[PDB]
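Peer 1:
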Amino acid sequence: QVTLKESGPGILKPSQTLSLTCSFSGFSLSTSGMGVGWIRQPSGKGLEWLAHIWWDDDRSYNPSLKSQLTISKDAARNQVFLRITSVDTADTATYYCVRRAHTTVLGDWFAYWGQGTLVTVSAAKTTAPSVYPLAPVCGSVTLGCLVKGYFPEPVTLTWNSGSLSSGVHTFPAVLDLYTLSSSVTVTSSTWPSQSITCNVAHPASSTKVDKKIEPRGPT
Amino acid sequence: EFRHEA
Amino acid sequence: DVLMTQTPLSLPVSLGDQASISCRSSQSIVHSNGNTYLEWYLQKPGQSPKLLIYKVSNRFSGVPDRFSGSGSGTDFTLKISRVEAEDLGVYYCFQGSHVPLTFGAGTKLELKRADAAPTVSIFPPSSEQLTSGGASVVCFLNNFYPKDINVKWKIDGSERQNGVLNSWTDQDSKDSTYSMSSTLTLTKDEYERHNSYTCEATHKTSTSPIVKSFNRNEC
Numbered sequence: 001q002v003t004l005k006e007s008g009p010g011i012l013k014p015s016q017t018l019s020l021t022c023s024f025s026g027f028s029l030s031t032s033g034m035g036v037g038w039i040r041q042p043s044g045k046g047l048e049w050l051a052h053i054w055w056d057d058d059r060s061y062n063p064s065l066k067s068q069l070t071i072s073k074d075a076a077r078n079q080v081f082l083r084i085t086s087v088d089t090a091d092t093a094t095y096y097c098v099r100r101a102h103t104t105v106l107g108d109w110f111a112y113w114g115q116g117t118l119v120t121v122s123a124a125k126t127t128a129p130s131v132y133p134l135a136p137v138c139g145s146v147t148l149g150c151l152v153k154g155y156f157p158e159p160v161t162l163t164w165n166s167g168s169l170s171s172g173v174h175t176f177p178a179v180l183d184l185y186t187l188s189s190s191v192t193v194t195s196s197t198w199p200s201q202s203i204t205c206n207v208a209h210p211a212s213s214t215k216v217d218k219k220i221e222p223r224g225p226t
Numbered sequence: 003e004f005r006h007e008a
Numbered sequence: 001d002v003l004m005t006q007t008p009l010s011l012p013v014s015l016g017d018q019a020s021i022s023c024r025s026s027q028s029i030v031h032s033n034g035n036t037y038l039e040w041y042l043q044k045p046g047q048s049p050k051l052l053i054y055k056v057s058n059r060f061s062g063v064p065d066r067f068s069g070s071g072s073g074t075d076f077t078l079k080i081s082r083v084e085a086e087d088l089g090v091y092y093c094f095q096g097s098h099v100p101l102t103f104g105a106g107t108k109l110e111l112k113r114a115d116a117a118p119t120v121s122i123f124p125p126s127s128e129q130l131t132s133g134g135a136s137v138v139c140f141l142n143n144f145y146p147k148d149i150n151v152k153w154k155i156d157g158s159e160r161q162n163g164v165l166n167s168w169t170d171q172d173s174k175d176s177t178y179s180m181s182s183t184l185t186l187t188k189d190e191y192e193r194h195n196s197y198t199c200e201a202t203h204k205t206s207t208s209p210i211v212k213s214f215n216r217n218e219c
């Protein structure tokens, strides 16, 4: 069976150097015509080609990143490497290892991809989120929770420890820090009478917070 | 060009 | 670079419809060897891309006959005769002839439904955030269709472009709607120096904007 496996460091800061490994099996890079490459995809973004290396040490690169890239191999160990110098947030992507030959009988195409490896480039120190309740304004009601300025992913969010999943919208985090929001829509008679609480965990910093959403008063 | 053989 | 322009970027369909995705390259894809290295890839949510079509119109092993490929030079099309459920995802055209290798930006094959207006909700900063000297105003636009929607922030009647963060959920699996979250983040000082806060949405479903607002001083 053909398989490819990427390994990376998950998190690294700007200026630093990215070292990515790929470990294949089912074919040899020594085989004449064989080649292995890297393609990436930033979060919810296109697919960008990075580099390819050939069995006979020949190399292809993407012009934009040429001054930052170095693809290399070790065909005795079934491994391809790629270094990216001077990373920055930009480079936060999922990195894919792919097989591609330049001969027909070997498979001139991107048939084989690995699962891929997540690489986040951020300057941030681990930071506990700030969990804010969001009550409706004056005069089926909707409540919200703002989880603000946290690093890294992920946070877990539930309403009444999970007791409430109907009419939940939890929005994907966006960035050096992440922010998150969730909405819950309950029947207009349910709230404020029955309590509704926002439960937020941030494993990385040992954060767990329960915020009751409190009705606005005259004071 | 990118490497290919026909 | 060779540019792959896909049309459209969003393609709503019903299951059992026929679908077509145009892909046009900024220059010829005919390699000097004789071949047109134009491929098509499918990426399903949180999965690696999979090859569907290579050299214009060669189906990959295992790809069902309801997919086909057509075209020459700089003008290519993918067709799906009966969209099946498992077909929904993001489709990329790729050219492997020129350095650097390029993909198109991606065509989302998504599910068509009836037009649905956003339920909009606005929320002032929590006392908690204010206590701590920050100031965010959050807006939620839930369960609309189609996906395009102009959302605007107004403070006292001036438009605020600075310090806005937006987040979209993917097409809901249950009802085929989208939802959005908008956060305006100001300093406590700037929040305390203005009074009127308006989240304002424009959508196909209303001829005039949906306005939600509040006045700080009355919270």
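As they're listed, the protein sequences go chains H, Q and L. Residues 1 to 139, 145 to 180, 183 to 226 in the entry's author numbering are what the first sequence spells out, letter by letter. Residues 3 to 8 in the entry's author numbering are what the second sequence spells out, letter by letter. Residues 1 to 219 in the entry's author numbering are what the third sequence spells out, letter by letter. Every residue, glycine too, gets a C-beta built ideally from N, C-alpha and C.
#1: So which residues on chain Q does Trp54/H lean against when the C-beta distance must stay under 7 angstroms?
#2: Please classify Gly157/L as buried or exposed, where buried requires at least 16 other C-beta atoms within 10 Å of its C-beta.
#3: Below 8 angstroms on the Cβ atoms is my contact criterion, and I expect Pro222/H with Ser126/L to pass it. Report the Cβ-Cβ distance as a whole number of Å.
#4: Compare the beta carbon distance of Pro146/L and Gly89/L with 8 angstroms and say whether it is the shorter of the two.
#5: Below 7 angstroms on C-beta distance, what does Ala201/L contact in chain H?
#6: Can you give me the Cβ contacts of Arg82/L inside the same chain, cut-off strictly under 6 angstroms, excluding the 5 residues immediately before and after it?
#7: Run through chain Q and tell me which residues come within less than 8 angstroms of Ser60/H, C-beta to C-beta.
#8: Between the region 101–115 of chain H and chain L, which residues of the former have a C-beta closer than 8 angstroms to a C-beta of the latter?
#9: Can you check whether the C-beta of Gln129/L is within less than 8 angstroms of a C-beta belonging to chain H?
#10: Considering Cα atoms alone, identify which of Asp115/L, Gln95/L, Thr183/L is closest to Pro12/L.
#11: Return helix, strand or coil for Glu84/L, following the three-state DSSP convention.
#12: Please report the straight-line C-alpha distance between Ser32/H and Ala101/H, rounded to a whole angstrom.
#13: Buried or exposed: residue 181/H, going by 16 or more other Cβ atoms within 10 Å of its Cβ?
#14: Is the Cβ-Cβ distance between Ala111/H and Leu51/L less than 8 angstroms?
#15: Count the CB pairs spanning the region 168–177 of chain L and the region 197–214 of chain L that are closer than 8 angstroms, and state whether there are at least three.
#16: Contact criterion: CB-CB distance below 8 angstroms. Does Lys5/H meet it with respect to chain L?
#17: List the endpoints of the continuous beta strand (DSSP E) containing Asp74/H.
#18: Please state the DSSP three-state secondary structure of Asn150/L.
#19: So, is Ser130/H buried or exposed, given that buried needs 16 or more other C-beta atoms within 10 angstroms?
#20: Exposed or buried, what is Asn33/L when buried is set at 16 or more other beta-carbons lying within 10 Å of its beta-carbon?
#21: Taking the alpha-carbon positions, what's the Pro49/L to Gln6/L distance?
#22: Closer than 8 angstroms, CB to CB, is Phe123/L near chain H or not?
#23: Considering only residues of the same chain and omitting the five flanking positions on each side of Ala93/H, which have a CB-CB separation below 7 angstroms?
#24: Buried or exposed for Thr194/H, please, with buried defined as at least 16 other CB atoms from any protein chain shown within 10 angstroms of its CB.
#25: Start and end of the alpha helix (DSSP H) containing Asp189/L?
#26: By alpha-carbon positions, which one of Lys188/L, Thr74/L, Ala117/L, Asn217/L ends up nearest to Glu128/L?
#27: By the three-class DSSP mapping on this structure, what secondary structure does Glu218/L have?
#28: For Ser14/L, tell me which candidate among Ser28/L, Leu111/L, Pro118/L, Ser57/L has the shortest Cα-Cα distance.
Peer 2: In brief:
#1: Those within 7 angstroms of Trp54/H in chain Q are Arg5.
#2: That one is exposed.
#3: Rounded, the Cβ-Cβ distance is 13 angstroms, inconsistent with contact.
#4: If you check the CB distance, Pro146/L and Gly89/L do not come in under 8 angstroms.
#5: Neighbours of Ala201/L in chain H, taken as residues whose beta carbon is under 7 angstroms from its own, are absent, since the nearest beta carbon is some 15 angstroms off.
#6: Result list for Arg82/L: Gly16, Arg66, in chain order.
#7: Result: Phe4, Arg5.
#8: Hits within the stretch, in order: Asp108, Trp109, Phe110, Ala111, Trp113, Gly114, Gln115.
#9: Under the Cβ criterion of 8 angstroms, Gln129/L is counted among the residues facing chain H.
#10: Nearest C-alpha to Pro12/L: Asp115/L.
#11: Of the three classes helix, strand and coil, the one that applies to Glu84/L here is coil, per DSSP.
#12: Their Cα atoms are separated by approximately 9 angstroms.
#13: In the structure shown, chain H runs from 180 directly to 183, leaving residue 181/H without coordinates.
#14: Going by C-beta atoms, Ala111/H is nearer than 8 angstroms to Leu51/L.
#15: Fewer than three pairs of CB atoms, one per stretch, sit closer than 8 angstroms, so the region 168–177 of chain L makes no contact with the region 197–214 of chain L.
#16: Chain L, which has no Cβ nearer than 8 angstroms to the Cβ of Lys5/H, makes this no.
#17: For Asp74/H, the enclosing beta strand (DSSP E) covers residues 69–74.
#18: Strand, per DSSP.
#19: Residue environment analysis places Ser130/H among the buried positions, since at least 16 neighbouring C-beta atoms fall within 10 angstroms of its C-beta.
#20: By the neighbour-count criterion, in which a residue is buried when 16 or more other Cβ atoms sit within 10 angstroms of its Cβ, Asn33/L is exposed.
#21: A straight-line Cα-Cα distance of about 17 angstroms links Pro49/L and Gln6/L.
#22: Closer than 8 angstroms to some Cβ of chain H, the Cβ of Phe123/L qualifies, so yes.
#23: Answer for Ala93/H: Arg40, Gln41, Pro42, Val119, listed in chain order.
#24: Flag for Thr194/H reads exposed.
#25: Run containing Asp189/L: 188–192, per the alpha helix (DSSP H) assignment.
#26: The shortest C-alpha separation from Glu128/L is found at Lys188/L.
#27: It is helical.
#28: It is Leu111/L whose Cα lies nearest to the Cα of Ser14/L.
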